[PDB]
Structure formats: C-alpha cells, structure tokens
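Undergrad: Sharing a structure, written as structure tokens. Questions coming.
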C-alpha cells in the first residue's frame with residue numbers, strides 16, 4: 004500500500020495549500036505533519052472565494068500565469084505544446 008503522485012501536474016489546492024500552509028502554521032504550530040495541514044487546508048480552500056477557487060485552479064495549470072513557456076520551432080517539451 005503506497006500513495007503518492009507520478010510526474011503528475013498541480014491543482015488549485017496544491018498551489019494554495021503550499022501558499023497558505025505557512026499561514027496555517029503561524030496560527031497553529033501544533034501541525035507537525037502535512038496530513039494535519041491538509042485536513043485544514045481543505046477547510047479554508049473549500050470556503051475560498053468563488054474567484055479564488057477558479058483562480059488557484061488556473062494558476063497550477065501553468066498557462067495564463069506570470070511566467071510562461073517558450074518553444075522554438077513549435078517543438079515538444081516539458082510543457083504541453
């Protein structure tokens with residue numbers, strides 16, 4: 004029994020959770036394991052603003068973000084082209 008991810012992309016929760024995790028601890032230092040941090044991140048991520056949700060979900064995607072990707076000669080790479 005092993006759980007994890009194989010070269011899989013990121014989701015809105017992965018971006019926010021990793022961007023809020025630090026904020027979750029600052030308030031509750033008791034959290035010493037990600038398992039406890041996730042259970043909480045979902046509580047705040049599920050109540051996020053109708054915009055924050057769709058947004059964070061679009062950020063993890065990769066496109067329409069601050070940093071973009073460039074492919075010479077419409078070639079293939081680490082980014083779905």
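Residue numbers (the working numbering): 4 to 84.
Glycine residues also receive a C-beta, built at the ideal position from the N, C-alpha and C atoms.
1. Take the Cβ of residue 46 as the centre, count every other Cβ of all protein chains shown within 10 Å, and call the residue buried at 16 or more, exposed below.
2. What's the C-alpha gap between residue 79 and residue 70?
3. Could you tell me whether any non-hydrogen atom of the ligand COA is closer than 7 Å to the CB of residue 9?
4. Any idea what DSSP makes of residue 79, helix, strand or coil?
5. What separation, rounded to the nearest whole angstrom, lies between the Cα atoms of residue 16 and residue 59?
TA: Reading it off the structure:
1. The residue you call residue 46 lines up with position 43 of the chain shown. By the 10 Å Cβ count, residue 46 comes out exposed.
2. The count along the chain shown starts at 1 and reaches residue 79 at position 76. The count along the chain shown starts at 1 and reaches residue 70 at position 67. Cα to Cα, residue 79 sits roughly 18 Å from residue 70.
3. Absence of the ligand COA is noted for the structure shown, with no ligands found whatsoever.
4. As a first step, residue 79 is located in the chain shown; it is residue number 76 there, counting from the start. Residue 79: coil per DSSP, three-state reduction.
5. On the chain shown, residue 16 is found 13 positions in, with the first residue counted as 1. On the chain shown, residue 59 is found 56 positions in, with the first residue counted as 1. About 7 Å.
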